[PDB]
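We begin with a single chain expressed as C-alpha cells, specifically the form solved without this ligand.
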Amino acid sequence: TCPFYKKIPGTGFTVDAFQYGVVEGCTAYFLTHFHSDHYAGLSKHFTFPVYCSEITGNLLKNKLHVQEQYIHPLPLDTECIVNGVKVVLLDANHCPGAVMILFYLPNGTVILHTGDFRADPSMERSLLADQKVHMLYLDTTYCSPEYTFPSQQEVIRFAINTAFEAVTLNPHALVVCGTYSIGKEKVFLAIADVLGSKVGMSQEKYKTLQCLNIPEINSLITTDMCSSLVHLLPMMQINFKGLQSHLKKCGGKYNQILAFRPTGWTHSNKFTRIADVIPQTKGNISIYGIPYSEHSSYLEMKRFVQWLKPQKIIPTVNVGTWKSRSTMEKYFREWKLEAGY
C-alpha cells in the first residue's frame, strides 16, 4: 500500500504511485517522468486520470499502451486547474519530459514536489521566484558531501574529443554507447554529430526515442545499423564479452571498438578528475565509464534548498534506513542554520 511521502495532503492527489493498486481517496495520479521505478504498475488496463507532461504522455500511449481517454498532458510554466486545485509543471532538468509539480492548496499552503531533478541556478528565475513554499518533497539521491561530479558540459566535451580523436586516428573504429532507459541522450547524439554519423539502434529503442517528439533527435537516429558508426546497445552488453560478440556481427567493417558507459557517481570520482579519466582495455576493445549525472550534486542541492527556504523538507530517495534518514536530517538543519531561515 501507498507510502505517506507519495500523498499530497488536503488533496485527492498522489505522485508516482502506480504500484499499489487503487489508492483510497485518490482522484488523480500524477507521473513526474517515464522512469521504471516511478511508473511501475501502469498499463492498458489503467482506468484513472493520469496527469503528466506531453512527452511522458507520448510514452504512456505508445510504450505502455495506456488508453488516450485517461492521459491528461499539461503544458509547462502554465497555471492549470485540476479537480479544483491550481497546479504548475516546471522542467526538472532530468530526462526528457521530466517535471517538478507546484501545488497551491485551498488552505493557502504551497507545496513543491521536485520528482527527480538536477538543480540549477536557472530554477531561481522560474515561476518559483514569486512565492513562498511551505513543504518541499526533495530528490535526495546524492544528499551527502562525498557526492561530487563534473558539469554535463565538461563530460560531453571529454566524450566528443575522445571519440573524434580515436576515429580520426583509425577510420575503421566503431563507437558503442550503453543505454537502459530514457535520459542522457546528449552523450550519443553529441558523439554522432561530431563524427557525421547517425546513431544506430534496435527497433524498440528507435520507437522509445520516436515518442520524444523532437526533430533534432529524429534526424540523428536510424534502425539501419550497417549505415552508422555510432551504435546503441543495452547497458548490460557494455563489457568485453558483449562487445566482442557485437563486433563479429558487423561483417568485417570494423577492427576496433571504443565504448562509453554513462553511469551516475562512482567512487573513482573521489580520486580522478574527468580530464584524467582512462579506459579499461582488452585487445582492440576499450571501455570508458563517464560520470554523466541527471541528479543534483550535494552542492547543487544545497544551493537550491538554501535559496528556496522551505519550512519543511520530505525526502523521496534513500528513505529506507535510519542511518540515511538521520544523515539527511542533519544536513537539512546545517543548511537552515547557515542560511538563517
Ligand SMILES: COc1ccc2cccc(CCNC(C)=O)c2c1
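Residues that one form lacks are left out of the comparison. Just count from 1 along the sequence shown to find any residue number. In this text, rigid core is short for the largest set of C-alphas that superpose within 1.5 Å between two forms.
> Taking the recorded C-alpha temperature factors, which stretch has the higher mean, 192 to 200 or 219 to 227?
Taking the mean C-alpha B-factor of 192 to 200 and of 219 to 227, the larger value falls to 219 to 227.
> Higher mean Cα B-factor in the deposited model: 266 to 274 or 73 to 81?
In the deposited entry, the stretch with the higher C-alpha B-factor mean is 266 to 274.
> Tell me which of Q237, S122, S151, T141 tops the list for C-alpha B factor in the record.
Out of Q237, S122, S151, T141, the record gives the largest C-alpha B-factor to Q237.
> Maximum C-alpha temperature factor per the entry, among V22, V319, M328, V15, belongs to which one?
Max CA B-factor in the entry, restricted to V22, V319, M328, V15: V22.
> Going by the recorded CA B-factors, say which third of the chain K205 sits in, lowest, middle or highest.
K205: CA B-factor falls in the middle third of its chain.
> Quick check on the deposited entry: does the C-alpha B-factor of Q280 sit in the lowest, middle or highest third of its chain?
Top third by C-alpha B-factor.
> Can you work out whether the C-alpha temperature factor of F30 puts it in the lowest, middle or highest third of the chain?
Its C-alpha B-factor belongs to the lowest third of this chain's values.
> Where does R157 sit by CA temperature factor within its chain: lowest, middle or highest third?
Middle third of the chain for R157's C-alpha B-factor.
> Ranked by Cα temperature factor within the chain, is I111 in the lowest third, the middle third or the highest third?
Lowest third - that is where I111 ends up once the chain's C-alpha B-factors are sorted.
Beyond what is shown, the protein has a form solved in complex with this ligand; the following relates to that form.
> Among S43, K63 and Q67, does every residue place a heavy atom within 4.5 Å of this ligand in the deposited bound form?
The answer is no: none of the three residues contacts the partner (heavy atom, 4.5 Å cut-off).
> Can you tell me whether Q311 touches this ligand? I mean in the deposited bound form, with a 4.5 angstroms heavy atom cut-off.
Because a heavy atom of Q311 falls inside 4.5 Å of this ligand in the deposited bound form, the answer is yes.
> Using a 4.5 angstroms cut-off on non-hydrogen atoms, would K253 count as touching this ligand in the deposited bound form?
Answer no; every heavy atom of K253 is more than 4.5 Å from this ligand in the deposited bound form.
> Would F332 count as a contact of this ligand in the deposited bound form, using a 4.5 angstroms cut-off between non-hydrogen atoms?
Because a heavy atom of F332 falls inside 4.5 Å of this ligand in the deposited bound form, the answer is yes.
> Hey, in the deposited bound form, does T272 get a heavy atom within 4.5 angstroms of this ligand?
It does not: once this ligand is placed as it appears in the deposited bound form, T272 has no heavy atom within 4.5 Å of it.
> Going through 280 to 309 from first to last, which residues have a non-hydrogen atom within 4.5 Å of this ligand in the deposited bound form?
Residues within 4.5 Å: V305, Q306, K309.
> Upon rigid core superposition, which of the listed residues (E216, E79, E146, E124) is displaced by 2 angstroms or more at its Cα between this form and the one not shown?
The one that moves 2 Å or more is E216.
> Relative to the superposed rigid core, which consecutive-residue segments of length 3 or more display CA displacements of 2 Å or more between this form and the one not shown?
Moving region between this form and the one not shown: 213 to 218, nothing else.
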